[PDB]
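Before any comments, here is the structure.
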Amino acid sequence: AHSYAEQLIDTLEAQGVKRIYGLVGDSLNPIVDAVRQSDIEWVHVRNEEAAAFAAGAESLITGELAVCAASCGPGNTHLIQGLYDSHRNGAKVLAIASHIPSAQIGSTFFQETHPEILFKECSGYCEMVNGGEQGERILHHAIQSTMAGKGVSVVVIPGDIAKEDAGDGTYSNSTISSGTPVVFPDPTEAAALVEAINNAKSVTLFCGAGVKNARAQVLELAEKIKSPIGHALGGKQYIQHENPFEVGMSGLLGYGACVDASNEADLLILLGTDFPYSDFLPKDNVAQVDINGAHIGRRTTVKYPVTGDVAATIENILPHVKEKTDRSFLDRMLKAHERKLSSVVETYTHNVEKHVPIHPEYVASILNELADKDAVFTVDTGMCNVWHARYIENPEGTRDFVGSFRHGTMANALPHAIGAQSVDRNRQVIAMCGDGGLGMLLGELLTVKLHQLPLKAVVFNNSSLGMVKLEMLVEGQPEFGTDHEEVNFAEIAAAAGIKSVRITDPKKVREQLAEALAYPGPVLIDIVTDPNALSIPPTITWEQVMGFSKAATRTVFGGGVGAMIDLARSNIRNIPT
Amino acid sequence: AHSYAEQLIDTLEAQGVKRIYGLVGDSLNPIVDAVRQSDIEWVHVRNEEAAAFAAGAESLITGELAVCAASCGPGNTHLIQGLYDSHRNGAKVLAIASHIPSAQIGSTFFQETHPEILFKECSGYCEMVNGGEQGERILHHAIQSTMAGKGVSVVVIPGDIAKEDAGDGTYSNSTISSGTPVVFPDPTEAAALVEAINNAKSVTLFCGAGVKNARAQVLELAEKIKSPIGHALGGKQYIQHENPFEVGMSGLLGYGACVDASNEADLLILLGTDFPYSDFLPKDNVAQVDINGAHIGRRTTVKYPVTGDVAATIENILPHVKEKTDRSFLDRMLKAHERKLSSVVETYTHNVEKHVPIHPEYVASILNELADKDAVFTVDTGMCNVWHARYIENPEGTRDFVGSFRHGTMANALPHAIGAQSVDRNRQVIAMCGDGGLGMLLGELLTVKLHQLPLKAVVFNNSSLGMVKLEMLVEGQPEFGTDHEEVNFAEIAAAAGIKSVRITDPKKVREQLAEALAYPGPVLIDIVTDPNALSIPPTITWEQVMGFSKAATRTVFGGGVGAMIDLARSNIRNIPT
Amino acid sequence: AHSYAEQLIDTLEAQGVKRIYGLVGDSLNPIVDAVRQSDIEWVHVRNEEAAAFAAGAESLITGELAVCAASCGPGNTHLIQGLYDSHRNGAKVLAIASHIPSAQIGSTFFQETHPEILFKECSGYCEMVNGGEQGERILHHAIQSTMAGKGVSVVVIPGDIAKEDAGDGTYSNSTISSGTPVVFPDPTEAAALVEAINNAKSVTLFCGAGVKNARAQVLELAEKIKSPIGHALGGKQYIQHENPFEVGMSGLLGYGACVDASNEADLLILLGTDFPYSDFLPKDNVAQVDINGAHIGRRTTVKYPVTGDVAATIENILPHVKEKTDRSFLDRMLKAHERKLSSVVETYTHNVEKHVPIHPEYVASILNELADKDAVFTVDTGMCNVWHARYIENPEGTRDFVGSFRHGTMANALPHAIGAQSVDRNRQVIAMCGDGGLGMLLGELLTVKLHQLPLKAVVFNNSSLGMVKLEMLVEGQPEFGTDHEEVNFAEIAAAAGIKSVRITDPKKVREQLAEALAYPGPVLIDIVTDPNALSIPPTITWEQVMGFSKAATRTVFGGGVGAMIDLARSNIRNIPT
Ligand SMILES: Cc1cc2nc3c(=O)[nH]c(=O)nc-3n(C[C@H](O)[C@H](O)[C@H](O)COP(=O)(O)OP(=O)(O)OC[C@H]3O[C@@H](n4cnc5c(N)ncnc54)[C@H](O)[C@@H]3O)c2cc1C
Ligand SMILES: Cc1cc2nc3c(=O)[nH]c(=O)nc-3n(C[C@H](O)[C@H](O)[C@H](O)COP(=O)(O)OP(=O)(O)OC[C@H]3O[C@@H](n4cnc5c(N)ncnc54)[C@H](O)[C@@H]3O)c2cc1C
Ligand SMILES: Cc1cc2nc3c(=O)[nH]c(=O)nc-3n(C[C@H](O)[C@H](O)[C@H](O)COP(=O)(O)OP(=O)(O)OC[C@H]3O[C@@H](n4cnc5c(N)ncnc54)[C@H](O)[C@@H]3O)c2cc1C
Ligand SMILES: Cc1ncc(C[n+]2csc(CCOP(=O)(O)OP(=O)(O)O)c2C)c(N)n1
Ligand SMILES: Cc1ncc(C[n+]2csc(CCOP(=O)(O)OP(=O)(O)O)c2C)c(N)n1
Ligand SMILES: Cc1ncc(C[n+]2csc(CCOP(=O)(O)OP(=O)(O)O)c2C)c(N)n1
Ligand SMILES: [Mg+2]
Ligand SMILES: [Mg+2]
Ligand SMILES: [Mg+2]
């Protein structure tokens, strides 16, 4: 007979898990012994928070289960930031939360916590093992819940019970459902959407991450009804590239004509998006297609709700949607889009290649050009989100992106890159780090060195909490607490045994970044950038930066955009005569 | 400008809510004033627990939102049993939990509780209002969550904030998605199910509540592959009637050949069921079709998982499923089914019409014959669940049933009947009450009298917690705490102003129950029944009654069955020669 | 070897527990079998909510542990209202929450709930048993926590584990600390209070339940510094009787000069009170003595905080407090107090003995005169709280009182009386019931009959939610939802086998109530009272009734007072010349 720890690891191995991220100790020793004897690799991190980020990033890249593990009490407590992030991102993650010995539960014991209560908000399933047999059962339920799309699962395992005898295999013997059902809409909701589209003279589509598997259908619908296509940040990687109807992104980090096209069309269709900034959304005549009905109408007035998959809904309605031959609205919005992008480049990035200290938008433009066509980019929360949104492209859809776009935590970039890089050491992974984010989990440079992960950590080092400095400028409150003395991350990385370079001259950015990106190993690129590069229209308020101003707005943060302008201009040249 | 209380009630009225069940007080006075001025009826109950049961039953009958409401602190605390029941039953219920004044939150004030924390387990959405505008928003989110099938929603409203100004209408103006999407399976999961069916020589279908809208498809599949059809208790009302393949129900309250057909077939297919008694389920070769992937494999080994709707999955696979011409397995199971039903009638209900005290199975047989073809039956948890399962039929599918089949609470029958009867006073509603259940919420007889609800409360009065007496007999522990001195519910009902009859002679059951069921008003029927009528095989253990014995079993509680035997016998006579 | 169920009951028996209140079923059968074999009596209730109220009332009367018990899932869910009440009242209660079988936890099983999470707010200790040995340990910890004054303890016991082997006795062998430590104040805080008293020319003491064991010390301090003594409702039973400095109670149910004496004195001292209605409390110069430092300053500005016991603090300061020879303030407040009480009697209860329907204040005056000198009174939340506060006296301190004065739940009176009466069947127990409260848990009349508890249920039957009708009159909102058709509780009680009388003529109240109170058995007294008897000053607002108006007030609800005026008048006649 095997123990429950051995059955746990055999079940994960049989499901194809290749790695577990974590930090060993106490109630986790029987589980780590079983890992040693299996083909699963143990990936040691310095802070268990990084293990939960790394597992979430691995799962977003692979589309499969990923796993993190931590010791009792304080050990598993450290998972929590990464579990919130993974849960909000819809990752397929199992967290093994080792727990104090069962006989000491309820006695205010050394290290006691109640993880089975603490992790309820950052999980779709979270239960405690109380015996080997029941442990097999709740491991199945946890894996089946996360694979069905319910978000993070936590299994809480008192250390003693991991050494108890395994269950009889009834539940570990099951095949897990990991398929993708095809969700067609209710015919009554679909018919109301057809009527709304056919009655409208102009339509705009606004897409989010829910169009990941619906590019062909969204483009086919747009060609038929001559609709501009805008996106939320979660839709950018899927719908912006090679899109003849492209009109940009809404929100403060937005760009182009998206806000105007969304608000001026007779009908706006929200496709697979939960974009939260309601002040940028119209209310007059909006449809929304979402696979989770509970999300419909969360962000603005929706008159035509449709619970359904985007691709299946468009396939179902298309034969009933009339072709629109008038593309005057689309042409006006494509022209306004290109004019707006050209205008922000002229206003904000004139001679940006000579700006000192180095302008982060110059770095981001060069990074987009130099990085591989299939690189993974990870994005630290803060001003790196602006540089990703406005400069990092996805030609042919072959790059991947991982960030904290929903939970919005700092310090995610380097741990996300550790997980993404572990999937395939031959694929380039670029972590766009802030100095605040990197400092917050600095010890994970020791993890990169230990595992020899050949990721490229690009530090936008401006010695400032740049996004907070923006929020304070916008509020009109004296700058305080954001900027501190400079740190030399290249020297810290070199002291940790990582190849590094420090870039201070804009004239050497292109050559030094090309050399670093081509280095066959881990490398940290410490770029000293301008802390005052973020430009802000004086009319933006702290209530808008914080997201609680409901009054209609079309204003975005200042700054330029990058290579997205090439598609905007080819779309103008291809407008039918 | 309106207040938030007025906007709350206008939004519910615009959505078609006709009634709110509750008990007025304190922070709920502004909301009740708005109800008075609207077309919504206030249905006063004596204990707010009954309001939450009544709302859950109303929604199960109508398929639409139902609403309950209660005052701060202790008032809304009383909702909780009915919210768990409604939530487990998948009802579409909004609970308005009035709360203490916002300025006193956090001060250990008079009546203070934290309902926004307490009701997390019995809801899919539960949040606190902190201003009129945000209150409009979370009311929308709560209604959209319950209408999308996520279970109960709770909106917690500090009393003072109900008098604050209303939001601007952005969220109340939305149309709620209440449609039913059509969920086809992933083609890879569907193809594996086709291969399993075509490889199997014999197949049995085991259906639950998830086949509600798939009768035609289940029967078409059964005719093609010659499969017996069994059911869980939640499937009985939908699949047993007019079913040429009928083989009964599994579990301790089960009957017929279902356990044998499910365990002897080469392949068992679980269709829309989460039947929890794993010791009755095989493990060797099982498929499961469920619309919620997280439920697959919860109860036994599943080798062919399919996330999908039952009807859409069967429609998709049918052209690829080969017709089976050999119906030897089906014929053997139909013959065994009828033999087993005839045997339990001969063993347990010989001369049952002369048994004294009155046998509850004699009452249940007469109640099935006399009740209307479209009656609603509500079923009190306990031995009434056995009498429903084995005696109350659903010819042509026109009756409806409400019970606590998942949460398993006592005392639900009379409050469920209050909600079901409020939907249509011209429809017959029969509450199958136990003396324990009725005593537990006895004050709701005052509610029946106040609202003149013409329901028929049939009390199986055996002065005993009959199901607990069974559990103790099965364990082999001396009877204690279950049986107490007799109560005259007919005299209590008459003292409350309700028409009543007391039935003690088996020779008068048919005439007295016919007269009472035909009474044009509320009526309580107090039937003095035999507390020792539940027969138990000595091999049943307390571990089996409690549901924690995993060893394979086919043993059911003793007792007979009713009119279901007529279909069993016609199915034998129609077996092709 | 014994089982954990047997060890649980042996441990309670060894600690002196005489009874357990509850309702048998499932996971509780092994525990009830152990009770049968012990000397503990099982007290069957009809709804487990009543068991938790009865245990809380028993403990308040005895000063010892009391116990309630309920079955898994829905069974223990029903305890919750009574656990909140017992917890807020500081009762010493163990709740045995039977739970689903451990192997099914986490599987969404039949009846599954998580009581170990649900009951966190209504308990000081709440943990789950996961084995027999750890179960012995957390039973000790639960008993020691409640006996040390931390409020309710809940032990959650999966049914299967109750049959597991008992622990080794290490923790059940301990003696529980149930002593009362003597908490002297910090000398620095005490010296600041001495300076405040000696600097003040006039002082008023305002006492709550924390003066229970400090009557002699409070009176000695008042004689020395010539201070009026007022009380919160929780202090009334301890400090009003035979008090030469008595000036009444504050709050809307208040009376006499208390609000004026508290606000006009140079120094107000809060002694053992957490009175929550801040608009009645001054802010200028207030001291507060409380044994729980976290409570100091919860309700108004406190300049002289003292963490300490009332009696020990007064004993410590008394030698340093200077005698005040000027009693002009005390004399002015004693005269104003008696004038105010005489005025409300003249305004509101002129010829009250002839008022029809019967006036509840006439009933309350007669009930105070006729009830025994050592009776227990239980008080249903609602208008019965006004009648208790203004009419039920405690001469020589020999009566006891139980109510829901902090949690404020309806329906507590009859279940509180069941627990208080079970302590000593020879002691008179009077339940002051409202028709709303009694209807809410009406089935507990069957409990009174079953156990032959000789309590006297006095129903103030006005067919109205009287306190809510007051709140609506005060708000100026049309009356709705409070008054319904009349119920005959005397006929319902007689149908339940309880002696009853229906009183409708004011001329027969005294004789019929005297006869009923002297009946040697259970009796229900259904008094048809005037629903419009509660008088309200038009200046009271719904914000004041709800407790969120902070503006200074001295206004109380209209109505008269009773025999308290005799002490007010003797105190005037004894003012030194
Ligand atoms: C510092 C910072 C600033 C930010 N600023 C902005 C900004 O200015 N602009 C911006 O756009 N974002 C911004 N974001 C991100 C923003 O908060 C949201 O996370 C993002 O807009 C949501 O993108 P989304 O709608 O694509 O994804 P989600 O919020 O994940 O929504 C996806 C939706 O698709 C649905 N869905 C999934 N699959 C399907 C399917 N097959 N069919 C149908 N529906 C489906 C889901 O149910 C869900 O409702 C910022 C983030 C950070 C960290
Ligand atoms: C005292 C008592 C005794 C009991 N004894 C028994 C007994 O002996 N036998 C018994 O059978 N029950 C018994 N029960 C009830 C039992 O506990 C379960 O509640 C019941 O078996 C579950 O029935 P079900 O599977 O139909 O419903 P559910 O548990 O509600 O499961 C329905 C399933 O269908 C799925 N679904 C819903 N819609 C669709 C769709 N369109 N397509 C696909 N899937 C869908 C759901 O996701 C879910 O998994 C008892 C109850 C009581 C109160
Ligand atoms: C419908 C209704 C209306 C009400 N209206 C009123 C009203 O108008 N007026 C009114 O007064 N009440 C009213 N109440 C009750 C009110 O809400 C409070 O519960 C009550 O005033 C508190 O009384 P208390 O301060 O004595 O008790 P508690 O709130 O229990 O406070 C006792 C304090 O004493 C402290 N303490 C305990 N022992 C010691 C010790 N040995 N030494 C020192 N400190 C100690 C405790 O830590 C605590 O802070 C009403 C109740 C109801 C149900
Ligand atoms: C753990 C955490 N702390 C604080 C914040 C708030 N926050 C959001 S962005 C930001 C600054 C991020 O700093 P850095 O990584 O240097 O990037 P910058 O904005 O300068 O690019 C801060 C403080 C956060 N979301 N997460
Ligand atoms: C609130 C609650 N308390 C206890 C139980 C446990 N229980 C389940 S069935 C049963 C007896 C039900 O009694 P009654 O209504 O008289 O029906 P009977 O079994 O006699 O038909 C009990 C105690 C429950 N599930 N719910
Ligand atoms: C469970 C519960 N529901 C509602 C309330 C609100 N409430 C407080 S007093 C009151 C009326 C009490 O009625 P009754 O027992 O008839 O006494 P009355 O005020 O008429 O004397 C109500 C509705 C409460 N606190 N508890
Ligand atoms: Mg920075
Ligand atoms: Mg019974
Ligand atoms: Mg009343």
Side-chain angles (χ1 to χ4, degrees), chain A residues 201-207 218-219 222-223 225-233 235-236 239-268 275 277 279-282 324 326-353 355 359 361-362 364-365 368-369 386-395 533 535-540 544 552-577:
Chain A
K201 301 299 172 295
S202 52
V203 182
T204 288
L205 310 180
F206 181 73
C207 301
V218 170
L219 295 172
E223 182 56 46
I225 64 173
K226 314 300 182 295
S227 58
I229 298 168
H231 51 268
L233 181 60
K236 180 186 171 72
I239 204 58
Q240 182 172 45
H241 61 95
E242 302 97 45
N243 180 344
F245 311 95
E246 221 277 294
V247 294
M249 188 176 89
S250 287
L252 287 169
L253 273 58
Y255 43 84
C258 183
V259 179
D260 284 356
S262 296
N263 281 276
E264 294 180 31
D266 284 350
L267 172 69
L268 174 67
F275 174 90
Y277 310 110
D279 49 343
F280 291 86
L281 298 177
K324 297 192 188 304
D326 175 16
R327 57 173 287 151
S328 57
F329 176 70
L330 172 59
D331 288 356
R332 184 170 64 91
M333 292 297 167
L334 289 174
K335 291 172 198 178
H337 182 60
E338 190 275 337
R339 174 184 45 87
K340 283 175 190 291
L341 299 191
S342 287
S343 176
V344 301
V345 170
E346 183 163 355
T347 298
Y348 297 103
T349 43
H350 174 83
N351 282 344
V352 71
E353 69 273 9
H355 185 74
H359 202 294
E361 293 183 37
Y362 181 49
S365 175
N368 178 63
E369 185 185 333
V386 184
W387 319 142
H388 157 229
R390 294 173 176 184
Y391 287 86
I392 309 297
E393 291 284 288
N394 192 13
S535 312
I536 47 123
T539 59
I540 297 176
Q544 284 170 329
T553 190
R554 301 201 187 172
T555 300
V556 301
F557 290 148
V561 302
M564 65 172 70
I565 204 166
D566 297 334
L567 172 62
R569 294 178 168 167
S570 56
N571 282 342
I572 296 311
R573 293 188 300 266
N574 290 325
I575 290 174
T577 56

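Just so it is clear: chains get the letters A, B, ... in the order the sequence lines come, proteins before strands, and each one is counted from 1.
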Does the side chain of [Y] come within less than 4.5 Å of [X]'s, by heavy atoms?
| X | Y | answer |
| --- | --- | --- |
| A:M564 | A:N368 | no |
| A:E223 | A:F245 | yes |
| A:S342 | A:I565 | yes |

**Residues A:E338, A:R573; criterion salt bridge (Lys or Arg N to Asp or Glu O under 4.0 Å); working and verdict** = CA-CA 11 Å; A:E338 190 275 337; A:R573 293 188 300 266; over 6 Å; no
**Asked** Can you check whether A:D566's main-chain N or O pairs, donor with acceptor, with A:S570's side chain at less than 3.5 Å?
**Response** yes
**Message:** For A:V345, is there any backbone N or O sitting under 3.5 Å from a side-chain donor or acceptor partner on A:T349?
**Reply:** yes
Smallest separation among heavy atoms of [X] and [Y], with atom names:
| X | Y | value |
| --- | --- | --- |
| A:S250 | A:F280 | CB-CB, 4.4 Å |
| A:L205 | A:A222 | CD1-CB, 4.3 Å |
| A:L219 | A:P244 | CD2-CD, 4.2 Å |
| A:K236 | A:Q240 | NZ-OE1, 2.8 Å |
| A:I575 | A:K335 | CD1-CE, 4.0 Å |
| A:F275 | A:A232 | CD1-CB, 3.9 Å |

**Item:** Worked verdict on A:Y255 versus A:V556 for side chain to side chain contact (heavy atoms under 4.5 Å, CB included)
**Value:** CA-CA 7 Å; A:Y255 43 84; A:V556 301; over 6 Å; no
Interatomic distance, [X] atom [atom1] to [Y] atom [atom2] [nearest 0.5 angstrom]:
| X | Y | atom1 | atom2 | answer |
| --- | --- | --- | --- | --- |
| A:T204 | A:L267 | OG1 | CG | 8.5 Å |
| A:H241 | A:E246 | NE2 | CD | 10.5 Å |
| A:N243 | A:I229 | CG | CD1 | 4.0 Å |
| A:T555 | A:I536 | OG1 | CD1 | 12.0 Å |
| A:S202 | A:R327 | OG | CZ | 14.0 Å |
| A:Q544 | A:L252 | CD | CG | 7.0 Å |

**Full working for side chain to side chain contact (heavy atoms under 4.5 Å, CB included) between A:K324 and A:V203** = CA-CA 10 Å; A:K324 297 192 188 304; A:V203 182; 4.1 Å; yes
**Prompt:** For A:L233 and A:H388, what are the C-alpha separation, side-chain angles and deciding distance, and is it a side chain to side chain contact (heavy atoms under 4.5 Å, CB included)?
**Reply:** CA-CA 10 Å; A:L233 181 60; A:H388 157 229; 4.0 Å; yes
**Intermediate values then yes/no, side chain to side chain contact (heavy atoms under 4.5 Å, CB included), A:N571 and A:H337** = CA-CA 10 Å; A:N571 282 342; A:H337 182 60; over 6 Å; no
**Asked** Any salt bridge between A:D326 and A:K201, counting N to O under 4.0 Å?
**Response** no
